[PDB]
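Residue-level structure breakdown
What follows is each chain in one-letter form.
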Amino acid sequence: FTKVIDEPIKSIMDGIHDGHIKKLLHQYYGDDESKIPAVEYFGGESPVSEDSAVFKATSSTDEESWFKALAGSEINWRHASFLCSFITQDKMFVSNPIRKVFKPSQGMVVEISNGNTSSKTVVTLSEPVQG
Amino acid sequence: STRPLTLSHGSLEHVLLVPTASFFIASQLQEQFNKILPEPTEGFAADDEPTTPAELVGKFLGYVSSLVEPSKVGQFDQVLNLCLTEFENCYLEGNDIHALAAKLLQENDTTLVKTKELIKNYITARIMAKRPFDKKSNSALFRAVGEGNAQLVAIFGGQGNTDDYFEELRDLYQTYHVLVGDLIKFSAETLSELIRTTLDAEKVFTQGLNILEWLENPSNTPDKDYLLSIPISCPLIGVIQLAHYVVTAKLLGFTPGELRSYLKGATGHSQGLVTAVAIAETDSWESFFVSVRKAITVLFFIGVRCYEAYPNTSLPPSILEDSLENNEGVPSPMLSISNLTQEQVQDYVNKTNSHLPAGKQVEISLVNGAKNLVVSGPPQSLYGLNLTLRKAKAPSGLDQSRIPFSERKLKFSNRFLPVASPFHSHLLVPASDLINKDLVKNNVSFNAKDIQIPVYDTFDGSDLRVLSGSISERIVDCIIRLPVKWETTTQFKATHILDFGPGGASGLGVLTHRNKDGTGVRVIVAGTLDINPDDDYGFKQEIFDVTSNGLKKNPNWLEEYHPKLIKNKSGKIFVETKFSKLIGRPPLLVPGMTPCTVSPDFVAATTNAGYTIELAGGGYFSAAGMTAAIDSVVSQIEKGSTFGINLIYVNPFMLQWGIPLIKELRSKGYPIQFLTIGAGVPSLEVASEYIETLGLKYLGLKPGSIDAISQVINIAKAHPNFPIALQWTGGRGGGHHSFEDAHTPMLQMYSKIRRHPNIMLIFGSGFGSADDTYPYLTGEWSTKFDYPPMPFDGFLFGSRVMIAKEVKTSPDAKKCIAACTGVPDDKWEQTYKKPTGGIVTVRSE
Amino acid sequence: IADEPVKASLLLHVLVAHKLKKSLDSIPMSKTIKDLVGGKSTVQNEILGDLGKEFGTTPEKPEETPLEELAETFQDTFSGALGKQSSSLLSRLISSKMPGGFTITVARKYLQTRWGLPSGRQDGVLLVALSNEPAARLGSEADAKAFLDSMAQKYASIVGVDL
Ligand SMILES: Cc1cc2nc3c(=O)[nH]c(=O)nc-3n(C[C@H](O)[C@H](O)[C@H](O)COP(=O)(O)O)c2cc1C
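Residues numbered from 1 in each chain as written, not as in the entry; some residues may be left out. Chains lettered and ligands numbered in written order. Part of a larger assembly, values for the part shown. Heavy atoms only, no water.

1. Side note on the packing of helix α13 (residues 272-281) of chain B against helix α14 (residues 288-309) of chain B
Residues and elements named next belong to chain B. The line we're drawing: The axes used here are C-alpha line fits, helices contributing only the stretch in contact, and every angle between their N-to-C directions lies in the interval 0 to 180 degrees. Only DSSP runs of H or I covering at least 4 residues are called helices, and only runs of E covering at least 2 are called strands; the numbering of each starts at the N terminus. Throughout, the term roughly parallel applies to angles under 35 degrees, roughly antiparallel to angles over 145, roughly perpendicular to angles from 65 to 115, and oblique to all others. Crossing handedness: left-handed means the near helix sits turned counterclockwise from the far one by under a right angle, and right-handed means the same turn made clockwise. Between two residues, a contact is recorded if the distance between any of their heavy atoms is within 4.5 Å. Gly counts as polar in this scheme, as do all residues outside two lists: the nonpolar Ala, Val, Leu, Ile, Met, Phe, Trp, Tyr, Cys and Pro, and the charged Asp, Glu, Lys and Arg.
Following both chains from N to C, one finds α13 and α14 inclined at 165°, their axes separated by 9 Å at the closest point. Taken together, α13 and α14 sit at an angle that is classed as roughly antiparallel. Here α13 and α14 pass one another in a crossing that is right-handed. For the pair α13 and α14, contact is made by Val274, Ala278 and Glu281 and by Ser291, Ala295, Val298 and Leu299, respectively. Considering only residue class, the contact of α13 with α14 consists of five nonpolar, one polar and one charged.

Below is the structure:
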């Protein structure tokens, strides 16, 4: 399968991947790209519905369970913000600080507005400041 | 009003809330039971000594039930009904005793015999409390079957599973006396009569057939050889299989017609097939005792006539000593041959048949697997064939790790079976006529319309019910003459299988799990109660359990690892496999390649092209070389994009300067997505360090052979929450290659890789296009080798990218690579001898 | 006597022998598990399970592989431990063979005082007592002690320690 000299690496891989997509699409969706399930962003997934809700974090709250809740189900921006463990800093990769901010300790009240609508979604953490 | 009564054995105790009106009767048993109960010891490791409170309540129940009379009202009737109710409430939280016994095994320091006695006691109490299993069980399995989430099928083993089959019957008599004691009493009676009905049966039954006395008194039970004789072993195997069926029906509270109605279809292995049709008739508990009488009568008449058509003779001690020195086994009429294809063994039997006359010829009887067969014939002949095979097999300890795959001498196993008659042979044909005449004389005849569920014929795999002729005559022919083809007769699409045959974990069930491994079928060993650590198949508990435990689905590889499609907002279609999900890029990566992928200018290009590539360590011999290259890539790549580093395990210098460096650049947080350790898998200790300390997304590994693969699994088994990319390649790969075929080690391991969802499995070597990879992505590539579909999660291309423009290989080097034709997958193993499509194998330093 | 970790070959050898109900030397070390009992296939999966519980990690197809080169691969991930199967065999022996009252403790202190063999040899001498199981009521403490002494010289003979 080595014949064409100086074929760009981008052109080979793309050519193979698209040849795969082309054979999956024909044999599992009768050549209909409208049948492909879309998401906002595709990645980060480890290989292992309320519009306005309120969570009360404890000093016993499970961190995974906590973050899964705060993220929600839908693939949107807040999904990434709570789940992604690394964020970018130009070309650098650093421990997601948002996960450190919201990290479940006793006294941490989370409210969510517009949970069903990403674009308007607003999380409002609340803590006892002076009492 | 209640007066509490505590009963203890050393440290452990249990409190029962006896009522004060009948407390004098229970406080009379407190002392008398603690008299029967032995002395406390450390661990309670002594036999007949309760280890848990539940066991102590059990032994109480068993003692109380012993002294009570079921016919005559005693003072201890309400005392049994309150202590059993208390046991039921505290310990049996809905689940069957089988689920508790299973829970005690894997939790407490409880041996198997302690569960057997506990269940015996509890089932004696419940039945003898005048509280039979008359209510319907809420078993998740049979609830799901009614719903239509599962389709049960019953299989029934036969001969050659275990030598001491009788000991499976003995246990039942002891552990379920109250459930099957009547049926054993019936069969025992029936046989006692049948031998007086057959003119020359008693001649065969030299040491009698008093099976009741053999159960009661082990001393009276004859020598094991006499038991193994087919006139005794045939009917009794029926009775064991009927026993296990009956015990399951009662404890579920189903009638024999109800349980038969729940199964989609039944079938048996050789003489098991008679048991399969025995349950297909039965309707209620009343019409059952003629359906057994039928079955047992068939197994009586085959079992005797086959012994009078081919009686086992004395064998010269010269053969026995030779066979036991090679340590194959005692010669029998049935020789198992594992790990060989049907044509190969067919070859060898032709050669052995050629020498010998028709009266001493061997034939293939069983076809139990793809590489599992059994030959039948005279034990002289099969010994002579065992002689022929021993010259062809490699020695057991022979290392062919260095020999190229093709010329490695094939290694396999050949033991004789624990059986007395060559079933499915021309040698038992002469019994056929005397079997039929006897079956018609004793008024046994199965009617197609009387059969309710489809029974599958062992020969062709069709339903029995479609027969024009006698069903009995076909069944006889199928057992004595026609060869079983087990894969052919298991073509049905069930979700669960119930092995009621003898042997249990060494019985037909486990064999049929192996055959259908990865086809989404769960086998359950109904005959034996134990714990499988692997949890690939189930035991008795899964039948009876009512929780989510009872319903364990075996994974179907085609469905669970289907290659789906997806697309982000920007309409960029991905292929969405287990790999692609984590990395969020297509599942096509460029491996680590010295020197192709040492050049930053190519690694940065491919990472900007949208694909994952490993920067090869093998071009840089110092920390300062990595850092200069890393930073040269970093400065070229787009924001938020990452790449991998390949290292070499067989260069301990490059590891000892390169691992601490990666740890320092990743503690500062460079975009090093992952680490691959090519050429040799690391030890569990080093691998654990790499996983924890580095702080990477995942850890690629490039295992060479089976031993490596299993060492990878072990690494993943330790960190099940950390992804581990197993980049399996054949010898047919470019660069440092093993002697191993790309496919065959996956065929023999895939199953054991997919038991850990944290292992992303990537297949590399000999790939350059979509068309050649596709079969491996979909999983249809394994259909060529007659396995279930076995899809893969990724694909790495070593040689395909060498001719790419961004690669720093000299234009004339490209022209030389292009010039090379290559070869098909078959011929790659000729590289050792001469140039093969312009490529040859040489030795390193 | 100086301390040495118990080798995997000895623990492997007593576990196979104690399933076979057989003595400590009647098994040849250069032999495969599938060869020993080539007839039956129940003791196959039973021994494979017992070796699993003992040393956790097991290599694929142990039955076709000789015990000596299995022992070296077992030794790599094993460090002088008893494990779940040898713990459950020991308690059984000490409760049913050794008299009630005579438990592991007193039996370990007797070898530690009279012989002065460390806590790692106590495992070995106890394992040799499993492989040649007395299969009898050793009620007489003196008898049991003398048997332990004949199991201390059997341990010293197989390993090569001088007493
Ligand atoms: C030119 C070349 C260099 C390679 N260098 C390495 C290497 O440095 N380390 C390594 O573990 N594997 C190396 N390999 C093996 C590849 O990583 C990969 O396993 C193999 O190429 C797949 O076979 P294919 O080349 O037929 O696709 C190399 C292969 C080639 C062809």
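2. Section: the sheet that holds strand β16 (residues 672-678) of chain B
Residue and element names in this part refer to chain B. Using the following cut-off: A pair of strands is treated as paired once DSSP finds two or more bridges between them.
The parallel open sheet is built from eight strands, whose spatial order is β13-β20-β19-β18-β17-β16-β15-β14. Pairing within the sheet leaves two strands with one partner each, and these edge strands are β13 (588-589) and β14 (614-616). By the bridge criterion, three bridges tie strand β19 (residues 759-764) to strand β20 (residues 794-796) in an arrangement that is parallel. In the strand pairing of β20, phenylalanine 763 is matched with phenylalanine 795. With respect to the sheet, helix α26 (residues 623-634) is in contact with β14, β15 (643-648) and β16, its orientation differing from that of β15 by roughly 160°.

3. A word on the site of the ligand
All names here are of chain B. Defined as follows: Working definition: residue near molecule or strand if any one of its non-hydrogen atoms lies within 4 Å of it. Side-chain atoms alone can form a polar contact between residues adjacent in sequence; in general such a contact is a pair of N or O atoms within 3.5 Å, and within protein one must be able to donate a hydrogen while the other accepts it. Surface accessibility in these figures is a Shrake-Rupley result with a 1.4 Å probe; residues are shielded only by whichever protein chains are displayed.
Surveying the vicinity of the ligand reveals 19 residues, the closest of which are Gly592, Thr594, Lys702, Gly798 and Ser799. Within the backbone of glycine 766, one N or O atom sits 3.3 Å away from an oxygen atom of the ligand. At 2.9 Å, a backbone N or O of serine 799 approaches an oxygen atom of the ligand. Coverage of the ligand by the protein amounts to 87% of the 600 Å² it exposes when considered alone. Of the residues that constitute the shell around the ligand, the class distribution is six nonpolar, twelve polar and one charged.

4. Looking at the interface of chain B and chain C
Our working rule: A simple way to read buried area is as the amount of 1.4 Å-probe accessible surface that goes missing from two parts once joined, with both sides added. Salt bridge, as used here, is a side-chain nitrogen of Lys or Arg placed within 4 Å of a carboxyl oxygen of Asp or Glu.
Taken together, the contact between chain B and chain C spans 26 residues of the former and 24 residues of the latter. In this assembly, chain B packs against chain C so that about 2,000 Å² is buried in total across both faces, 45% of it on carbon and sulfur atoms. Considering only the surface of chain B that becomes buried against chain C, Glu42(B), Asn327(B) and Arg415(B) emerge as the three largest contributors, covering 25% of it. Between chain B and chain C we count two salt bridges in total.

5. Some thoughts on the pairing of strand β1 (residues 2-9) of chain B
Residues and elements named next belong to chain B. Looking at chain direction, β1 and strand β2 (residues 12-19) are connected through eight bridges and run antiparallel. The partner of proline 4 across the bridge, within β2, is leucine 17. Linking β1 to β2, which pair antiparallel, is a turn of two residues; within it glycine 10 sits at a positive phi near 70°.

6. Observations regarding the interface of chain A and chain B
Contacts between chain A and chain B engage 44 residues on the former and 67 residues on the latter. Both faces combined, the contact of chain A with chain B buries some 5,200 Å², and carbon together with sulfur accounts for 66% of it. Linking chain A with chain B are five salt bridges. The tally of links from chain A across to chain B stands at 27 residue pairs in polar contact. Listed by contribution, the elements that provide at least two residues to the side of chain A that touches chain B are α1 (9-28), β2 (86-89) and β3 (92-95) of chain A. The biggest single contributor to the side of chain A that touches chain B is α1(A), with 15 residues. Residue classes in the side of chain A that touches chain B are distributed as 23 nonpolar, ten polar and eleven charged.

7. Description of the domain arrangement of chain B
Residues and elements named next belong to chain B. Test applied: Bear in mind that the domain bounds are from an automatic or database domain assignment.
Splitting chain B by domain gives domain 1 (1-137), domain 2 (138-312 + 421-553), domain 3 (313-420) and domain 4 (554-806). Computed over C-alpha atoms only, the centres of domain 1 and domain 2 are separated by 33 Å. Each partner contributes residues to the interface: domain 1 has 20 residues there, and domain 2 has 21 residues. Taken together, the connections running from domain 1 to domain 2 amount to zero salt bridges. Along the contact surface separating domain 1 from domain 2 lie three residue pairs in polar contact. Of all the secondary structure elements, the ones that give two or more residues to the side of domain 1 that touches domain 2 are α4 (97-107) and α5 (112-128). Looking at the side of domain 1 that touches domain 2, the element that brings in the most residues is α5, giving seven residues.

8. Points about the sheet that holds strand β7 (residues 372-376) of chain B
Residue and element names in this part refer to chain B. Strand order in the open sheet formed by three strands is β5-β7-β6, and the pairing between neighbours is antiparallel. Where the open sheet ends on each side, the last strands, each with one partner, are β5 (334-338) and β6 (363-366). Pairs of neighbouring strands in the sheet enclose a mean axial angle of 40°, with direction left out of account. Relative to β6, helix α16 (residues 342-355) is tilted by about 140°, and along the sheet it contacts β5, β6 and β7. Here helix α17 (residues 379-390) sits on the sheet and contacts β5 and β7; the angle it forms with β5, its principal contact strand, is near 25°.

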